Amino acid sequence: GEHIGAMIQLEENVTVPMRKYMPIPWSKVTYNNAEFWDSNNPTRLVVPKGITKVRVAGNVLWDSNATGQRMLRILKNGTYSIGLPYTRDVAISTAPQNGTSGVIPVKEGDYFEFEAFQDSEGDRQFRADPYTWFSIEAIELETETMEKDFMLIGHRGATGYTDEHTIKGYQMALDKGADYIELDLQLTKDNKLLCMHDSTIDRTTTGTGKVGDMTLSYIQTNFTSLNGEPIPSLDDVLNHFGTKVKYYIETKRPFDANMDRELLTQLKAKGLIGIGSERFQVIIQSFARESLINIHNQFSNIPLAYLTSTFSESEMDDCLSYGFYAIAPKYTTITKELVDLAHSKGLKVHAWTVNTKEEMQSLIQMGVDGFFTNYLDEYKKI
Amino acid sequence: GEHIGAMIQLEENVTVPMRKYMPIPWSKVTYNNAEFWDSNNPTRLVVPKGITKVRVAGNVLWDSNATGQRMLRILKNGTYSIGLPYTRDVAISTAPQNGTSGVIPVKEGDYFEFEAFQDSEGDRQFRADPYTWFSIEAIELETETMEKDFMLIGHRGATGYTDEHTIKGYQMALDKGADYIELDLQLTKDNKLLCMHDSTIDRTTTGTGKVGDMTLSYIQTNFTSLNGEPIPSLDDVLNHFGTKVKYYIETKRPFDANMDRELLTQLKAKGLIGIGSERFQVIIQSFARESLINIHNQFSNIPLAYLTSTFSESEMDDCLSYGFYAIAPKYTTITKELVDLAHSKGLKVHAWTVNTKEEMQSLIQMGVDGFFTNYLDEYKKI
Amino acid sequence: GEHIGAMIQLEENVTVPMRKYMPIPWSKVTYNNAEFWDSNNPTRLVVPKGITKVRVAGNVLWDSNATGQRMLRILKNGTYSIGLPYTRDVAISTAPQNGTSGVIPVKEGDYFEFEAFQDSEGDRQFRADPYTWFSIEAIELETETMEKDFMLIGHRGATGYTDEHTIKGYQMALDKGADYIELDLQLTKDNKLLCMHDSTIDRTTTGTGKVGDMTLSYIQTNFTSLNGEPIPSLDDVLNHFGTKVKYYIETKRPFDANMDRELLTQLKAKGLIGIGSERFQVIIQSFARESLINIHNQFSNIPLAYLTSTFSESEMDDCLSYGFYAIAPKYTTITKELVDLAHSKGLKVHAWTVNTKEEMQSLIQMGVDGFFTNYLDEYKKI
């Protein structure tokens with residue numbers, strides 16, 4: 001490919017008053033691929049639209065003075081940010097300072113400023129020298145994410161029209177127009193995962209007892225759903241659908257690291273997550289914030305949704321702090337004011353358990369970004 | 001892809017005399033993809049042919065001594081260069097020093113040397129330690145640029161055979177063999193751009209008055225060229241030709257930032273410049289050096305040409321200093337000596353207003369790299 | 001593409017005892033593409049499976065204290081490694097420290113730890129601040145290398161069935177199933193390379209005298225093999241086969257830099273080595289370790305094999321130290337114990353001059369990775 005980035009340097013020495021922080025007004029450009037700098041805003045390196053992650057670095061050269069300290073610092077949007085360099089050291093002769101940042105995320109409109117500080121008697125000269133430069137590099141570029149402005153979820157297999165949590169039900173939901181299928185998983189006596197909602201299988205299947213009481217093979221062989229359909233495991237569903245379908249997955253409210261570890265291993269084995277996966281092909285939700293944090297610490301690219309029944313500004317702020325992709329409040333608690341507030345904060349709002357066309361239309365008017373509907377065709381009836 | 005770069009390290013400690021600058025004679029290679037190092041020139045990391053931009057970094061480890069200062073410095077071609085690291089700090093214990101360069105341009109034959117300096121009593125040992133290494137990385141690789149050794153420009157739409165500055169004229173020039181079409185632009189009463197040469201439209205069109213006196217719509221609707229052809233705007237020409245054609249554009253001699261800003265916005269909107277554009281698909285010329293500098297500060301990849309009528313070594317040196325791609329002197333002032341001098345400096349020479357076959361042949365013998373010819377087929381008659 | 005890497009940071013300040021080295025127990029993740037960090041091993045950044053080269057960097061922020069020194073250090077697998085940063089400097093105020101590593105090789109399971117050291121009175125606080133982070137980036141990813149688990153070499157052109165070192169012989173060996181053809185080269189009176197085994201051409205060709213006595217043209221025109229076949233030069237063989245075939249090349253036991261330089265130039269001219277080449281499409285062997293070192297210093301990606309007749313642990317250790325790909329001991333000296341020892345060290349074992357099916361089967365039972373067989377079809381008779 002071709003390098004994307006820019007580098008700027010001074011043409012005349014800048015004077016730094018003693019013990020005062022000062023962004024450097026860079027004057028000329030060594031090179032600039034596309035609009036990384038603006039003449040009317042010399043102190044700022046601006047990130048253009050088509051960039052997601054950048055690397056920033058610079059170097060400094062002062063006039064000969066062996067007193068006080070010198071500082072090299074880079075600020076994002078005029079304030080501190082993660083992954084930026086910072087250096088202080090004793091000054092001898094010109095006391096050059098060099099620093100480089102790690103790969104950090106950014107968005108259109110973000111800017112970086114080179115900040116300098118000195119503690120020597122009198123003013124100091126920020127020399128315009130080949131060893132005095134400010135550079136920014138683009139590491140990641142925007143690309144199609146498979147995301148949709150509105151997402152329709154086949155709530156628990158679209159059981160409103162057929163049996164719940166079965167391959168036939170998932171296929172019917174996809175045919176009816178489901179954007180995402182919802183999967184509920186529990187561990188059997190073995191480490192394998194079984195697709196069911198209730199902890200006890202008696203409600204949904206001819207069998208009885210907890211899912212963890214017996215092995216996966218016995219449960220899948222000796223028992224079947226009330227409609228006689230097979231009880232598919234996670235591996236079976238993944239093999240049947242593969243990458244053709246986007247999956248919505250819920251974890252246990254009672255947090256357990258083994259469940260998340262097994263789910264992540266199974267998902268990575270099929271390539272649905274990780275280096276070779278698509279960002280939005282899989283979405284994970286959970287009432288347990290700890291499970292979401294654990295998943296994020298391992299796979300940060302996986303979008304996460306937080307399930308709650310107390311939609312409020314506190315919950316939205318908490319979700320924004322941890323970087324969750326969306327918040328899933330109960331539909332009864334949603335109002336246009338809260339939806340607008342969430343959109344301002346950058347969070348997506350999904351209403352779950354929507355089963356009436358009038359309520360669906362009201363939520364659409366409220367601007368809700370997605371629904372978990374047991375009945376799917378009502379969306380077409382709007 | 002695969003990583004391209006090299007890293008070298010010492011096998012025996014090097015002795016650095018007090019207060020003397022010394023390139024480090026590196027002895028062994030940790031890894032080297034392709035000819036980045038030479039045994040007979042240990043102090044130099046050499047850039048192979050197929051590289052355009054590189055990143056250089058290194059680290060140092062000295063013997064235990066808490067007196068004086070230590071220096072880390074990298075030189076290009078034995079002299080200072082932009083974007084290279086430089087560090088000095090007080091020495092405690094081994095006083096390791098680390099530095100990294102930004103992305104900088106290079107060409108085949110360029111080399112980088114690791115320079116060290118110390119100010120402690122007696123000699124110091126440049127220890128051969130895993131924390132003492134010199135590395136160079138390749139960021140950008142050479143690729144097809146769409147450039148041509150000789151460029152024929154359809155001077156102002158090849159008006160010698162048809163009407164000037166119209167879509168039909170541009171198409172005729174392209175058919176006759178024009179490599180680049182020349183566009184002259186002025187702002188209307190609105191911010192839109194109109195393709196014309198003279199400030200007043202009476203000479204070229206049935207209308208009259210300055211282009212900025214009235215809006216684009218009125219000018220394009222109520223007026224037409226003396227041949228009855230439409231008066232195309234920049235957007236119309238770009239839509240008609242798109243990326244199929246390479247454009248030559250001239251800016252106003254009286255510098256005005258609004259003109260350049262609008263031109264750049266229009267060009268980027270079509271993808272002719274910026275991240276996704278081809279380097280040589282667009283060329284910009286101007287008598288105003290300030291306009292060229294302003295364009296370069298925003299889009300450094302766009303080749304720039306300087307129009308002048310006083311071809312001299314001073315102008316060539318000035319253009320080389322600002323990094324212009326070519327110089328466009330008047331054909332009457334061109335001589336083989338000056339063409340050879342320009343080629344030695346690395347600048348391309350384009351002769352403008354060439355309308356005779358004998359003069360064209362003479363200039364070709366002089367080695368001129370391109371012509372702005374009102375009559376195009378004469379080039380085929382050579 | 002998409003960025004692959006991770007960055008971690010502290011959530012609570014860590015206390016560093018005076019004059020003690022301490023890996024930093026990082027607590028939270030800023031971002032992590034795929035399994036670069038583990039909660040139960042906070043101090044370690046772990047390299048996943050699909051990575052070959054990485055870049056590691058970090059930054060530190062201490063509490064305000066102007067006494068003693070501060071250290072920034074990164075360790076690989078709990079010990080020192082090449083290409084990692086190291087910095088010590090005098091402390092003023094918070095004394096931030098920044099460092100970045102060069103591109104270094106890695107393998108699955110390798111981990112990096114951030115080590116800190118301070119020499120101030122009392123304990124120091126490793127502040128959890130946006131300017132305190134630990135990052136690792138992936139530069140190179142695993143890709144198909146064209147390598148094979150077992151390699152069959154057409155020993156000196158498979159002369160057992162036809163004439164040695166001729167295009168017809170090489171083609172016959174390839175047809176019979178040869179994975180690699182073996183080439184023996186010597187310099188003629190000119191710098192060109194001639195494909196022959198013996199220094200004197202009388203044994204293999206109708207001519208006589210040393211290869212260097214006369215020019216390539218005279219040797220190739222006035223002389224022919226005992227079977228009347230042409231005496232091909234290296235360029236002729238490369239043109240005839242090009243990239244369709246993988247080459248095995250041997251250099252002179254008496255080291256001479258001119259031979260290696262000419263061979264490398266010829267190979268690069270055809271693209272068989274360098275930036276655009278495939279790693280395992282060419283293999284070079286030599287009895288002279290100096291020649292292998294010289295080739296490695298210029299092209300580190302070329303796999304190298306060491307020819308010896310004294311198979312022993314000392315030779316395997318020496319080859320591992322210099323990073324040779326394989327060791328080629330005499331078949332009579334090979335035993336399953338030594339093959340297992342070589343495999344534990346990571347070296348491949350090739351037995352040369354194997355011309356009996358029983359010995360070939362015995363070596364296969366020993367686990368030998370390849371054979372140089374004058375008779376090829378015996379491998380199919382196993």
# chains A, B, ... in the order shown; residues from 1 in each chain; ligands from 1
>>> interface_residues(of="chain C", to="chain A", cutoff="10 Å", atoms="only C-alpha atoms", output="ChimeraX atom specification")
/C:1-9,28-39,50,55-61,89-100,129-137
>>> write_last_selection(atoms="N, CA and C atoms", output="CSV table (one decimal), in the first residue's frame")
chain,number,residue,atom,x,y,z
C,1,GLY,N,-6.2,-3.3,6.0
C,1,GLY,CA,-6.5,-4.4,7.0
C,1,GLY,C,-7.0,-3.9,8.3
C,2,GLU,N,-6.8,-4.7,9.3
C,2,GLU,CA,-7.3,-4.3,10.7
C,2,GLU,C,-6.1,-4.5,11.6
C,3,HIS,N,-6.0,-3.6,12.6
C,3,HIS,CA,-4.9,-3.6,13.6
C,3,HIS,C,-5.0,-4.8,14.5
C,4,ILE,N,-3.9,-5.4,14.7
C,4,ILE,CA,-3.8,-6.6,15.6
C,4,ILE,C,-2.8,-6.2,16.7
C,5,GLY,N,-3.3,-6.2,18.0
C,5,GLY,CA,-2.4,-5.8,19.1
C,5,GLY,C,-3.3,-5.7,20.3
C,6,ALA,N,-2.6,-5.2,21.4
C,6,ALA,CA,-3.3,-5.0,22.7
C,6,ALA,C,-2.6,-3.9,23.5
C,7,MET,N,-3.3,-3.3,24.4
C,7,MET,CA,-2.8,-2.3,25.3
C,7,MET,C,-3.4,-2.4,26.6
C,8,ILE,N,-2.6,-2.4,27.7
C,8,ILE,CA,-3.1,-2.6,29.1
C,8,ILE,C,-2.6,-1.4,29.9
C,9,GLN,N,-3.4,-1.2,31.0
C,9,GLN,CA,-3.0,-0.1,31.9
C,9,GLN,C,-3.5,-0.4,33.3
C,28,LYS,N,-6.1,-3.7,34.0
C,28,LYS,CA,-7.2,-3.6,33.1
C,28,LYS,C,-6.6,-3.4,31.7
C,29,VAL,N,-7.5,-3.6,30.7
C,29,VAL,CA,-7.1,-3.6,29.3
C,29,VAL,C,-7.8,-2.4,28.6
C,30,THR,N,-7.0,-1.6,28.0
C,30,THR,CA,-7.5,-0.5,27.1
C,30,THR,C,-8.1,-1.1,25.8
C,31,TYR,N,-7.4,-2.1,25.2
C,31,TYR,CA,-7.9,-2.8,24.1
C,31,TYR,C,-7.1,-4.0,23.9
C,32,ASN,N,-7.7,-5.1,23.3
C,32,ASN,CA,-7.0,-6.3,23.1
C,32,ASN,C,-7.8,-7.0,21.9
C,33,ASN,N,-7.1,-7.2,20.8
C,33,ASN,CA,-7.7,-7.8,19.6
C,33,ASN,C,-8.1,-9.2,19.8
C,34,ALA,N,-7.1,-10.0,20.3
C,34,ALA,CA,-7.3,-11.5,20.4
C,34,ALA,C,-6.3,-12.0,21.4
C,35,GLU,N,-6.8,-12.3,22.7
C,35,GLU,CA,-6.1,-13.1,23.7
C,35,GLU,C,-4.6,-12.6,23.9
C,36,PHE,N,-4.4,-11.3,23.9
C,36,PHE,CA,-3.0,-10.9,24.2
C,36,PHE,C,-2.7,-10.8,25.7
C,37,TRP,N,-3.8,-11.0,26.6
C,37,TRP,CA,-3.6,-10.8,28.0
C,37,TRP,C,-4.5,-11.8,28.7
C,38,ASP,N,-4.0,-12.1,29.9
C,38,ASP,CA,-4.8,-13.1,30.8
C,38,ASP,C,-4.9,-12.5,32.2
C,39,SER,N,-6.1,-12.7,32.7
C,39,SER,CA,-6.4,-12.1,34.1
C,39,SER,C,-5.5,-12.8,35.1
C,50,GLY,N,-1.1,-17.1,15.9
C,50,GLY,CA,-0.9,-16.6,14.5
C,50,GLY,C,-0.1,-15.3,14.4
C,55,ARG,N,6.0,-5.8,18.0
C,55,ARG,CA,6.6,-4.6,18.5
C,55,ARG,C,6.0,-4.3,19.9
C,56,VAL,N,6.8,-4.0,20.9
C,56,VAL,CA,6.4,-3.8,22.2
C,56,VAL,C,6.9,-2.4,22.7
C,57,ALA,N,6.0,-1.7,23.4
C,57,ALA,CA,6.4,-0.4,23.9
C,57,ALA,C,5.5,-0.1,25.2
C,58,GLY,N,6.0,0.9,25.9
C,58,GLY,CA,5.3,1.3,27.1
C,58,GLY,C,5.7,2.6,27.6
C,59,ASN,N,5.0,3.1,28.7
C,59,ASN,CA,5.3,4.4,29.3
C,59,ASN,C,5.0,4.3,30.8
C,60,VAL,N,5.7,5.1,31.6
C,60,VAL,CA,5.6,5.0,33.0
C,60,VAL,C,5.4,6.5,33.6
C,61,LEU,N,4.8,6.5,34.8
C,61,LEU,CA,4.6,7.8,35.5
C,61,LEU,C,4.7,7.5,37.0
C,89,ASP,N,17.4,7.1,33.9
C,89,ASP,CA,17.7,8.5,33.9
C,89,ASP,C,17.5,9.1,35.3
C,90,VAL,N,18.0,10.3,35.5
C,90,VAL,CA,17.8,11.0,36.8
C,90,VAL,C,16.4,11.3,36.9
C,91,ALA,N,15.9,11.3,38.2
C,91,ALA,CA,14.5,11.6,38.5
C,91,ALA,C,14.3,13.0,38.9
C,92,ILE,N,13.4,13.7,38.2
C,92,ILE,CA,12.9,15.0,38.7
C,92,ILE,C,11.4,15.0,38.6
C,93,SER,N,10.7,15.5,39.6
C,93,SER,CA,9.2,15.5,39.7
C,93,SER,C,8.8,14.0,39.5
C,94,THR,N,7.8,13.8,38.6
C,94,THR,CA,7.3,12.4,38.3
C,94,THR,C,8.3,11.6,37.5
C,95,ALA,N,9.2,12.2,36.8
C,95,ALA,CA,10.2,11.5,36.0
C,95,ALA,C,9.6,10.5,35.1
C,96,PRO,N,8.7,10.8,34.2
C,96,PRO,CA,8.1,9.8,33.2
C,96,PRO,C,9.2,9.2,32.4
C,97,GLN,N,9.0,8.0,32.0
C,97,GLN,CA,9.9,7.3,31.1
C,97,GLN,C,9.1,6.6,30.0
C,98,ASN,N,9.6,6.7,28.8
C,98,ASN,CA,9.0,6.1,27.6
C,98,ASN,C,10.0,5.3,26.8
C,99,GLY,N,9.5,4.2,26.2
C,99,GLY,CA,10.4,3.4,25.4
C,99,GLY,C,9.6,2.6,24.4
C,100,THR,N,10.3,2.2,23.3
C,100,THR,CA,9.6,1.5,22.2
C,100,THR,C,10.6,0.5,21.7
C,129,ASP,N,-2.1,6.0,35.5
C,129,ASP,CA,-2.3,7.3,34.8
C,129,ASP,C,-2.4,7.0,33.4
C,130,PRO,N,-3.2,7.8,32.6
C,130,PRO,CA,-3.2,7.6,31.1
C,130,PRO,C,-1.8,7.6,30.5
C,131,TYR,N,-0.8,8.2,31.2
C,131,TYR,CA,0.5,8.1,30.7
C,131,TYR,C,1.3,6.9,31.2
C,132,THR,N,0.6,5.9,31.7
C,132,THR,CA,1.2,4.7,32.2
C,132,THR,C,0.5,3.5,31.5
C,133,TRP,N,1.1,2.9,30.5
C,133,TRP,CA,0.5,1.9,29.7
C,133,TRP,C,1.5,0.9,29.2
C,134,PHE,N,1.1,-0.3,28.8
C,134,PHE,CA,1.9,-1.3,28.2
C,134,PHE,C,1.2,-1.8,27.0
C,135,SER,N,1.9,-1.8,25.9
C,135,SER,CA,1.3,-2.2,24.6
C,135,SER,C,2.2,-3.1,23.8
C,136,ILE,N,1.6,-4.0,23.0
C,136,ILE,CA,2.2,-4.9,22.1
C,136,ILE,C,1.5,-4.9,20.8
C,137,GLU,N,2.2,-4.9,19.7
C,137,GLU,CA,1.7,-4.8,18.4
C,137,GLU,C,2.2,-6.0,17.5
>>> residues_around(residues="residue 178 of chain B", least_positions_apart="4", cutoff="8 Å", atoms="only C-alpha atoms", output="ChimeraX atom specification")
/B:152-154,173-174,376
>>> write_last_selection(atoms="N, CA and C atoms", output="CSV table (one decimal), in the first residue's frame")
chain,number,residue,atom,x,y,z
B,152,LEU,N,2.6,15.3,-22.9
B,152,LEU,CA,2.1,16.2,-23.9
B,152,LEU,C,0.8,16.8,-23.3
B,153,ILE,N,0.7,18.1,-23.1
B,153,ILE,CA,-0.4,18.8,-22.5
B,153,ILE,C,-1.3,19.4,-23.6
B,154,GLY,N,-2.6,19.3,-23.5
B,154,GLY,CA,-3.5,19.9,-24.4
B,154,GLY,C,-3.7,21.4,-24.0
B,173,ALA,N,-8.9,16.9,-27.9
B,173,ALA,CA,-7.5,16.8,-27.5
B,173,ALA,C,-7.1,15.5,-27.1
B,174,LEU,N,-7.9,14.8,-26.3
B,174,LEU,CA,-7.6,13.4,-25.8
B,174,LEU,C,-7.5,12.5,-27.0
B,376,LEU,N,-1.5,19.7,-31.5
B,376,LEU,CA,-1.0,18.5,-30.9
B,376,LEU,C,-0.4,17.5,-31.9
>>> residues_around(residues="residue 172 of chain C", least_positions_apart="2", cutoff="10 Å", atoms="only C-alpha atoms", output="PyMOL selection string")
chain C and resi 154+157-159+161-162+166-170+174-178
>>> residues_around(residues="residue 272 of chain B", least_positions_apart="3", cutoff="8 Å", atoms="only C-alpha atoms", output="list in words")
residues 243, 267, 268, 269, 276, 277, 278, 281 and 282 of chain B
>>> write_last_selection(atoms="C-alpha atoms", output="mmCIF file, in the first residue's frame")
data_model
loop_
_atom_site.group_PDB
_atom_site.id
_atom_site.type_symbol
_atom_site.label_atom_id
_atom_site.label_comp_id
_atom_site.auth_asym_id
_atom_site.auth_seq_id
_atom_site.Cartn_x
_atom_site.Cartn_y
_atom_site.Cartn_z
ATOM 1 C CA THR B 243 -10.807 9.206 -13.507
ATOM 2 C CA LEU B 267 -11.000 17.326 -6.305
ATOM 3 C CA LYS B 268 -11.233 15.261 -3.114
ATOM 4 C CA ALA B 269 -14.995 14.839 -3.532
ATOM 5 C CA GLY B 276 -7.488 6.835 -2.501
ATOM 6 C CA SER B 277 -6.124 8.846 -5.421
ATOM 7 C CA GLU B 278 -3.274 8.192 -7.846
ATOM 8 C CA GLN B 281 -3.461 11.624 -12.116
ATOM 9 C CA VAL B 282 -3.623 15.347 -11.229
#
>>> residues_around(residues="residue 325 of chain B", least_positions_apart="4", cutoff="9 Å", atoms="only C-alpha atoms", output="count of residues only")
10
>>> residues_around(residues="residue 216 of chain C", least_positions_apart="6", cutoff="9 Å", atoms="only C-alpha atoms", output="PDB file with C-alpha atoms, in the first residue's frame")
ATOM      1  CA  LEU C 187      33.369 -19.827 -11.166  1.00  0.00           C
ATOM      2  CA  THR C 188      34.751 -19.875 -14.700  1.00  0.00           C
ATOM      3  CA  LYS C 189      37.547 -17.587 -15.875  1.00  0.00           C
ATOM      4  CA  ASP C 190      34.791 -14.977 -16.052  1.00  0.00           C
ATOM      5  CA  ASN C 191      32.535 -14.108 -13.126  1.00  0.00           C
ATOM      6  CA  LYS C 192      29.775 -16.334 -14.545  1.00  0.00           C
ATOM      7  CA  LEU C 193      28.731 -19.540 -12.780  1.00  0.00           C
ATOM      8  CA  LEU C 194      28.963 -23.040 -14.261  1.00  0.00           C
ATOM      9  CA  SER C 233      25.141 -22.488 -16.667  1.00  0.00           C
TER      10      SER C 233
END
>>> residues_around(residues="residue 330 of chain C", least_positions_apart="4", cutoff="7 Å", atoms="only C-alpha atoms", output="list in words")
residues 308, 309, 334, 351 and 352 of chain C
>>> write_last_selection(atoms="C-alpha atoms", output="mmCIF file, in the first residue's frame")
data_model
loop_
_atom_site.group_PDB
_atom_site.id
_atom_site.type_symbol
_atom_site.label_atom_id
_atom_site.label_comp_id
_atom_site.auth_asym_id
_atom_site.auth_seq_id
_atom_site.Cartn_x
_atom_site.Cartn_y
_atom_site.Cartn_z
ATOM 1 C CA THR C 308 29.055 -32.373 8.303
ATOM 2 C CA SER C 309 30.369 -35.900 8.833
ATOM 3 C CA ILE C 334 22.618 -40.900 12.245
ATOM 4 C CA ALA C 351 20.799 -37.632 5.399
ATOM 5 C CA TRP C 352 22.923 -37.377 2.253
#
>>> atom_distance(atom1="atom CA of residue 255 of chain B", atom2="atom CA of residue 26 of chain A")
22.4 Å
>>> atom_distance(atom1="atom CA of residue 374 of chain C", atom2="atom CA of residue 200 of chain C")
21.4 Å
>>> atom_distance(atom1="atom CA of residue 123 of chain C", atom2="atom CA of residue 10 of chain C")
17.8 Å
>>> select_by_dssp(residues="segment 112-299 of chain B", states="strand (DSSP E or B)", output="PyMOL selection string")
chain B and resi 112-118+124-126+133-140+151-154+180-187+193-195+200+205+210+225+233+247-250+282-286
